[PDB]
Number of protein chains: 4
Amino acid sequence: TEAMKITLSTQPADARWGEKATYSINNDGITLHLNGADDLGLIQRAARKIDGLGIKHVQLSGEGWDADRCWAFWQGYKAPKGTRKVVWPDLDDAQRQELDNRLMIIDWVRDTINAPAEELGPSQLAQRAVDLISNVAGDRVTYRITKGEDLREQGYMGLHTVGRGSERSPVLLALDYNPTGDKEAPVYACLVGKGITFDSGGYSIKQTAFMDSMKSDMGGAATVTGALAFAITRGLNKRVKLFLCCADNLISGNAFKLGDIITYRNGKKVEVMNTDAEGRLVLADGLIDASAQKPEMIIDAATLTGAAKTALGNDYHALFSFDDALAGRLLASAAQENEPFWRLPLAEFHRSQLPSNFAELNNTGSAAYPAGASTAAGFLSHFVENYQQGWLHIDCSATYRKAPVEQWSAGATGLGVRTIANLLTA
Amino acid sequence: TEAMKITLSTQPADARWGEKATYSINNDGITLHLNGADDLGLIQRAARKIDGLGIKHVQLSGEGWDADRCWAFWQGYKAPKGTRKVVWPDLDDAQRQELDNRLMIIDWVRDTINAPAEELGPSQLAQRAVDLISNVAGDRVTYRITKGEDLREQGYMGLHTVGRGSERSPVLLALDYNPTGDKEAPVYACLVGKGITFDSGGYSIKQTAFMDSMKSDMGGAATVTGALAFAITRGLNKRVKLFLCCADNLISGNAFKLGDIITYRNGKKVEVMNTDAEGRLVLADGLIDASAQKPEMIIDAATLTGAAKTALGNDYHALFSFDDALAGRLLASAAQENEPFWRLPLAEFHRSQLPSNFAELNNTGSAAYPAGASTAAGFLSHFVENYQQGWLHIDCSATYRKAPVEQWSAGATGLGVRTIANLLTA
Amino acid sequence: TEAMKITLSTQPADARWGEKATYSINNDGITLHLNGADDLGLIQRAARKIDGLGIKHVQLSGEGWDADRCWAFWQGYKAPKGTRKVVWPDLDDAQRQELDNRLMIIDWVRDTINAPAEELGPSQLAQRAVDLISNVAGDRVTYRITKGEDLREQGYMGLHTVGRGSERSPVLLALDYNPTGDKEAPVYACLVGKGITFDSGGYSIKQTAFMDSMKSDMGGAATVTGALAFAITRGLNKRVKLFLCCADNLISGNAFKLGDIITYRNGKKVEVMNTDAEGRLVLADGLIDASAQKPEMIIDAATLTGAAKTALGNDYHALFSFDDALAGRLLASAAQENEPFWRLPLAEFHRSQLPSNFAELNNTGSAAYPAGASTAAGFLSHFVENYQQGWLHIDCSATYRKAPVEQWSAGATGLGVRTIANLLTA
Amino acid sequence: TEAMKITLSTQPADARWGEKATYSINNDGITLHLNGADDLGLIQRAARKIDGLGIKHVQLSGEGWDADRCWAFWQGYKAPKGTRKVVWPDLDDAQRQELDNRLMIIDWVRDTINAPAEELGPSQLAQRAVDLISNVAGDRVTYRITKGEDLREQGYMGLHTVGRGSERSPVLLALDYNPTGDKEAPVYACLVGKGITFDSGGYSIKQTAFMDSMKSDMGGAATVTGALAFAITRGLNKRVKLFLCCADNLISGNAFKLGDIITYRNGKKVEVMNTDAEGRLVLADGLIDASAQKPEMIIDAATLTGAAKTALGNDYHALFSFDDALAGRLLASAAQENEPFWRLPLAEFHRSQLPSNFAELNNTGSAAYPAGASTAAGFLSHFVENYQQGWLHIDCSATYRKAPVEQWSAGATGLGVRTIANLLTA
Ligand SMILES: [Ca+2]
Ligand SMILES: [Ca+2]
Ligand SMILES: [Ca+2]
Ligand SMILES: [Ca+2]
Ligand SMILES: [Cl-]
Ligand SMILES: [Cl-]
Ligand SMILES: [Cl-]
Ligand SMILES: [Cl-]
Ligand SMILES: [Cl-]
Ligand SMILES: [Zn+2]
Ligand SMILES: [Zn+2]
Ligand SMILES: [Zn+2]
Ligand SMILES: [Zn+2]
Ligand SMILES: [Zn+2]
Ligand SMILES: [Zn+2]
Ligand SMILES: [Zn+2]
Ligand SMILES: [Zn+2]
């Protein structure tokens with residue numbers, strides 16, 4: 001499959017293509033027509049079109065290619081079907097290294113989220129996460145996998161109650177990246193991820209059109225895993241712990257039921273009035289562990305609500321926090337890493353918008369309080385001891401594209417890895 | 001939490017509150033303004049409002065308080081969340097006795113129905129029922145529990161078929177209150193209760209808005225259990241048998257299916273065309289055992305249909321019977337015990353309104369015969385040997401309040417306990 | 001065309017048909033095998049079967065035929081398609097007169113309700129009612145037809161608001177049957193009928209499956225009109241007034257809207273929160289006019305709720321009243337006239353189960369009070385001056401069969417005419 | 001009635017109510033317990049609870065009462081049913097003036113949005129707006145009303161196409177508040193408001209649960225009208241134009257249809273693929289007129305999308321703009337006026353998220369671009385000549401409460417009036 005030359009030009013396309021065409025093709029190959037408005041976005045969109053032409057082998061030739069332009073092209077060219085090869089252009093040592101780290105880790109996030117639930121159950125997610133971080137951390141990473149009946153015995157009633165309906169046991173991954181080597185080193189940041197490997201909705205069963213992409217309901221877990229790995233390649237030299245709450249949310253003779261009250265280790269009692277709001281139930285157990293470590297920073301990521309996508313579409317990740325200064329610091333990281341985040345409201349009154357007639361907390365909202373992403377964020381705040389300080393919640397509205405768009409193939413995008421990594425090492 | 005005084009007055013409140021105000025608050029405490037139209041109702045409603053003010057500790061002070069006015073206040077004050085404390089007023093030995101028996105047994109019915117399915121499965125239901133009766137009956141009670149595969153070996157195909165989908169096995173509690181201890185003693189009455197600890201609807205899955213309260217689908221079993229216990233405290237000195245058909249109605253690779261034909265021990269064949277019409281399938285097995293005891297009367301109770309709630313709301317329990325004299329006696333008991341019952345139609349033609357193209361009986365009605373509670377009553381009559389006499393069926397439309405109302409908190413009300421107890425001891 | 005003879009026998013069919021067959025056929029014709037259990041019911045079901053055989057011309061032959069048995073047969077034989085001929089047997093004068101009165105008036109009720117909306121608009125319904133009563137009342141009847149803008153101008157805001165959406169003007173028929181001709185004669189009774197000639201639901205549009213029979217939403221109006229004409233054939237010699245509130249509930253640029261507030265002539269303010277609950281809005285105007293006549297009793301009939309059919313199927317009409325003695329007299333009339341009625345609950349608390357946040361009354365109920373037929377009856381009570389005495393509300397759940405059944409063809413049954421006529425002449 | 005005294009106190013209530021209790025009662029009256037956290041929020045909630053006690057006559061007694069605490073109490077005490085009398089405390093001339101202007105203008109917005117559609121059609125909304133402004137401005141305001149067919153002849157195809165299905169003609173109100181009188185005086189700001197007096201959804205009909213509050217679909221028009229009047233009381237000394245696009249969105253034989261293409265005076269062609277997205281179609285016409293006045297600032301307000309409520313609940317208004325500095329000024333005005341606003345995303349790409357196969361623009365988004373409030377903002381940006389600068393779009397998600405909550409009765413809140421007025425006068 002002979003290669004197709006991809007060249008960069010600041011000159012416009014000829015009249016046959018128009019002064020508005022972003023790409024044109026002659027015998028020598030394909031020319032991307034840059035204009036300076038948003039060249040990375042234009043390149044990623046031209047790459048999506050090129051995949052559409054059936055061009056499975058390209059060569060980025062000529063001058064003008066840097067790491068971001070190469071990455072922008074690949075981000076758009078890569079698709080879940082067929083094999084693609086990109087002959088990279090000669091690059092600076094530092095840029096080639098940055099690019100290989102993006103291809104190694106951000107593509108692991110896209111591929112892991114795209115993996116079918118049958119291939120990636122809770123145990124595989126936990127192990128693949130250890131394998132990714134072990135490949136870049138070496139002996140600086142240690143971990144503990146707690147699963148099935150052991151979670152119940154230990155009181156992780158959120159993760160266990162949600163995952164016990166499946167024939168594949170729920171799993172808690174607790175990973176520790178300790179560079180200094182000092183076993184008593186202060187924990188700088190705690191990362192918590194929602195790892196629902198398949199979300200049927202449980203007894204609150206989803207419709208097929210809404211459940212057919214639920215193999216991606218572990219997107220949050222994959223995003224914080226990549227963020228820790230990428231942060232290490234960026235020179236992270238501070239202690240960070242990773243908590244993955246992994247489980248399938250299925251229907252069986254043992255699955256949790258509406259009305260069930262989950263008692264957590266911090267004393268919180270939650271009435272389940274919708275089994276499809278299971279992500280917040282498993283994250284609650286991770287936030288309890290992250291909060292006990294009293295780190296300077298707690299970052300959780302989760303494909304938690306459709307509400308976040310009604311508010312930002314798939315175009316931005318939802319940022320929530322009572323801590324304005326830490327939110328400003330994360331949006332600054334996003335600006336530097338070319339990733340999209342938009343802050344949505346989280347105030348004290350959101351902690352009272354999940355009323356229950358039988359327990360202190362309900363896991364689902366009501367008609368009077370329909371801001372689904374904000375009430376879920378208020379729910380999570382009840383599982384972070386100093387919730388007003390140093391805690392960020394990311395609702396992963398930009399993680400998955402059910403259908404191809406202008407700049408993305410179908411599937412996971414990998415967005416969010418770089419922003420969190422930038423914040424961990426800034 | 002210091003006690004707030006509650007006083008009764010035949011004088012109206014001042015103009016500030018309103019001439020029609022049922023309660024007012026001065027320096028000395030709260031004053032309930034009685035007019036004599038329906039004092040018990042007014043106090044229960046005032047109690048609900050008082051709970052709304054956040055008052056958690058009250059003392060019933062001054063003259064006028066009796067057992068019924070004390071109970072009316074507690075019936076409206078009690079709610080499933082928080083701790084409340086009532087300092088009773090000096091009462092007569094007989095009245096304090098009656099009140100103590102209502103607090104111990106009727107609140108057992110409210111709390112047991114309110115308990116989540118995870119806390120109260122089929123075995124826990126049967127065991128709590130034995131404990132309540134053993135506490136008031138002593139050595140005059142005996143019982144036999146038949147569960148799981150034993151139900152199928154012994155031909156209890158209705159109870160086994162509905163419950164086998166759950167990892168929590170179906171259970172038949174056969175309890176015998178025999179005061180004389182004589183084994184040949186005549187059985188005065190047989191109580192049969194639907195004990196579906198959780199109803200998902202089965203393959204005919206319910207929507208979340210209709211499933212979120214299904215931990216209460218065993219309200220029938222609790223009501224007859226409380227009725228027997230309360231009757232013993234009222235002097236019951238005749239032999240009474242209790243049959244609790246306990247099961248979870250869940251979805252699994254073992255759950256019953258549409259088109260399945262259940263053959264009962266009395267020869268009736270039933271085609272299942274709706275798995276959510278499971279309560280009548282398990283009750284059928286208890287009615288077969290009730291009939292074989294040749295009792296003077298059979299009383300069954302079940303949170304059986306949405307139709308009864310459409311016909312009577314939550315304001316009355318539905319009463320079905322072919323026996324006019326026995327229904328009259330239950331309505332007289334209802335009047336004396338201040339409980340709401342309303343008779344709905346049950347005639348010979350209802351026994352033919354459940355047509356099936358593959359079996360003698362269908363478990364669900366059709367468009368031509370949409371009287372769901374009457375057709376369910378017709379279905380149950382095929383399992384009572386002498387169905388035209390001594391048999392009462394109660395569709396517990398007043399057992400559970402999904403939301404707080406003027407006189408009740410959310411959850412089980414405990415209604416029906418006193419009426420059945422009065423009929424058993426009259 | 002040739003007549004198939006129909007004879008009666010208290011002896012059973014031969015073993016080829018079975019000893020349980022209700023009819024058999026020999027060389028002489030068809031024989032109905034009576035057993036004494038319910039001859040009128042068996043005869044009506046047999047006549048439905050004979051219609052099924054395609055026999056269009058029958059002769060009621062031999063002895064044993066009387067008015068009731070001839071009527072029972074015809075009630076089951078008559079169907080909306082095809083033409084049938086029944087050669088009656090020799091009856092005494094009273095018997096034939098009674099039969100001819102049922103054929104003339106009860107089948108008028110069946111045919112009028114069965115008539116399509118295009119043929120029977122508000123104006124046609126009022127005029128046909130006048131034609132029926134003048135035919136038997138001669139010069140003892142006078143009437144007034146008020147329509148369109150005149151209804152709005154004269155304050156009939158309920159009938160006008162519902163009907164103004166149609167290009168066929170709403171119409172009030174006020175008819176006065178005054179035998180003595182004395183304009184000072186006391187009015188003995190007032191009949192109020194819901195005459196919705198077509199109910200689309202309005203902006204609260206109904207689904208096709210529930211709207212395809214809404215040409216029958218004037219069943220109440222036809223039933224009270226027939227009751228008065230039948231009452232006159234029975235010897236009614238007291239003054240009775242008939243009020244028909246006739247209209248189409250359609251969708252247009254002029255139709256009433258959710259949130260609209262209707263102010264009635266008695267001061268009641270009603271917020272419309274469901275345009276499909278339009279029947280009670282028009283009946284309110286008829287009941288104000290009935291109360292103004294200061295009659296000894298008021299009887300309203302209306303195909304008002306689906307709730308009544310969930311409570312009683314199509315097997316009984318729903319009876320609502322605060323007056324136990326009057327309700328008892330109507331159930332006694334119903335037994336004497338072989339018609340099915342069942343009393344559903346109506347208490348003072350139902351008058352407050354239709355809360356509105358913008359007006360005194362809502363026209364639709366809520367989840368906390370789902371007894372639709374009882375809340376609707378409680379709504380109507382706010383329009384009866386002495387609602388606690390002499391007023392009966394009939395929710396016509398037995399008026400229309402959407403599909404043929406054992407004893408009825410598809411369509412209106414005519415049930416209700418005889419009972420009301422009996423109560424008016426008793 | 002008799003005034004119930006309401007006193008402020010910085011001392012907690014006794015242990016009978018609790019230390020955390022926000023209000024306590026005695027024979028002297030009701031005492032509100034201020035802790036200093038959110039005195040205004042606490043006073044508003046206490047007032048709501050006082051309305052629940054059924055107190056219709058209150059007196060704010062003692063010191064501490066200023067315009068803001070008086071206003072906070074009134075904001076929670078005011079409800080759409082019954083009459084409330086508040087005996088104000090003595091207040092400084094300036095404090096009392098501010099309070100009287102809030103009562104007059106903000107309650108006007110609450111009462112006008114709460115008015116039923118039957119009472120407030122397009123012409124009544126236009127004339128009531130004129131009455132409010134001309135009442136505070138006098139001869140300093142002139143206006144032009146364009147109605148029905150005149151709108152089609154002058155090219156207002158958005159407003160005319162949406163409102164022509166109604167019997168009540170659409171109406172454009174163009175109001176000019178010109179304080180200097182100079183005809184050439186530059187226009188400082190243009191206000192544009194969605195005046196849909198009733199939204200049935202059109203052929204894309206709404207379900208009753210979502211259409212029962214649609215009398216409030218003109219909330220944006222009432223809010224900008226109230227802001228101008230309030231600005232005038234705050235001393236607005238600059239020229240401001242107000243444009244209200246008023247219409248009913250009904251179903252009739254003349255109503256607009258799916259696939260219809262609307263040509264706007266600015267050349268934009270819009271294909272209607274959802275008649276329920278009609279607010280953006282009428283705003284387009286008001287935004288064209290607003291831009292033609294070349295003002296320094298354009299502010300539009302509309303109850304435009306359910307997406308804004310999924311993003312912010314009813315707790316905040318949605319703010320959309322391409323102008324970061326102007327958006328910053330509205331948020332500062334919001335903080336000074338104690339009103340809740342939250343900024344949602346509006347980027348150049350949103351202008352392409354409403355693809356159509358038959359026109360330049362679609363009036364509705366797709367599954368790929370589900371941020372309905374942002375794509376609606378993108379749509380409106382195509383009708384603002386200088387859309388990147390001096391233009392704010394408010395999606396009024398905090399305008400209407402369908403059910404009563406802690407601090408609000410059911411209905412319009414009146415929120416947004418003060419913020420826009422503050423911005424206009426800053
Ligand atoms: Ca996956
Ligand atoms: Ca329970
Ligand atoms: Ca008709
Ligand atoms: Ca309005
Ligand atoms: Cl670069
Ligand atoms: Cl078990
Ligand atoms: Cl009244
Ligand atoms: Cl006032
Ligand atoms: Cl444009
Ligand atoms: Zn889920
Ligand atoms: Zn999930
Ligand atoms: Zn069921
Ligand atoms: Zn059930
Ligand atoms: Zn209707
Ligand atoms: Zn109707
Ligand atoms: Zn709309
Ligand atoms: Zn609208």
Side-chain angles (χ1 to χ4, degrees), chain B residues 1-7 9 11-33 35 42 45-61 76-77 79 81-87 207-210 402-407, chain D residues 1-7 9 11-33 35 42 45-61 76-77 79 81-87 207-210 402-407:
Chain B
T1 57
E2 173 182 335
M4 171 70 75
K5 301 181 187 301
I6 314 299
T7 56
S9 179
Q11 294 293 354
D14 65 23
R16 305 147 74 205
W17 295 86
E19 183 183 15
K20 297 293 180 292
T22 63
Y23 74 100
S24 63
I25 309 179
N26 60 20
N27 300 344
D28 298 350
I30 304 176
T31 304
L32 304 188
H33 301 277
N35 56 55
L42 179 158
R45 292 189 302 266
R48 189 87 304 274
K49 298 178 180 298
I50 292 168
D51 182 34
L53 300 174
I55 307 303
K56 291 289 169 294
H57 188 214
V58 298
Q59 173 183 343
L60 306 176
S61 305
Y77 190 52
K81 288 175 58 178
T83 302
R84 293 167 184 80
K85 215 304 173 186
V86 177
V87 177
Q207 289 179 325
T208 288
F210 293 87
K402 291 174 66 74
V405 290
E406 296 80 346
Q407 75 282 39
Chain D
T1 64
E2 177 174 326
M4 173 67 74
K5 293 174 180 172
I6 315 301
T7 58
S9 177
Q11 309 295 316
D14 63 36
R16 293 177 297 166
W17 300 86
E19 179 183 353
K20 57 293 187 297
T22 70
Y23 70 99
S24 62
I25 313 178
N26 63 21
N27 204 32
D28 289 342
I30 305 177
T31 302
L32 307 180
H33 303 278
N35 58 50
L42 180 155
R45 310 184 200 102
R48 187 86 306 274
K49 301 167 189 179
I50 294 165
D51 182 31
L53 299 180
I55 310 303
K56 293 294 158 57
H57 187 208
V58 302
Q59 178 176 206
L60 310 187
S61 304
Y77 189 52
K81 296 171 55 179
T83 67
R84 295 170 179 78
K85 215 308 181 184
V86 169
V87 179
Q207 295 178 326
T208 297
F210 287 86
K402 292 171 66 77
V405 292
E406 297 73 356
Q407 74 284 45

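Naming: A, B, ... by sequence-line order, numbering from 1 per chain. Hydrogens, waters and symmetry mates are skipped; everything else that's a heavy atom, side chains included, is used.
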Atom of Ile55(B), atom of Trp17(D) and distance for their closest heavy-atom approach: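 In this case the closest contact between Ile55(B) and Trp17(D) is CD1-CE3, 3.7 Å.
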At their closest point, which heavy atom of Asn27(B) faces which heavy atom of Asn26(D), and how far apart are they? OD1-CB, 3.2 Å
Kindly check if the number of other-residue, nucleotide or ligand heavy atoms within 6.0 Å of [atom1] ([X]) is above 12?
X: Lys402(B); atom1: NZ; result: yes
X: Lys56(D); atom1: NZ; result: yes
X: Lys49(B); atom1: NZ; result: no

For the atom pair CG (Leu53(B)) and CZ (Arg16(D)), what is the distance rounded to the nearest 0.5 Å? 12.5 Å
Measure distances from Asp14(D) to the heavy atoms of chain B and classify the residue's part below 4.5 Å as side chain, backbone, both or neither. neither
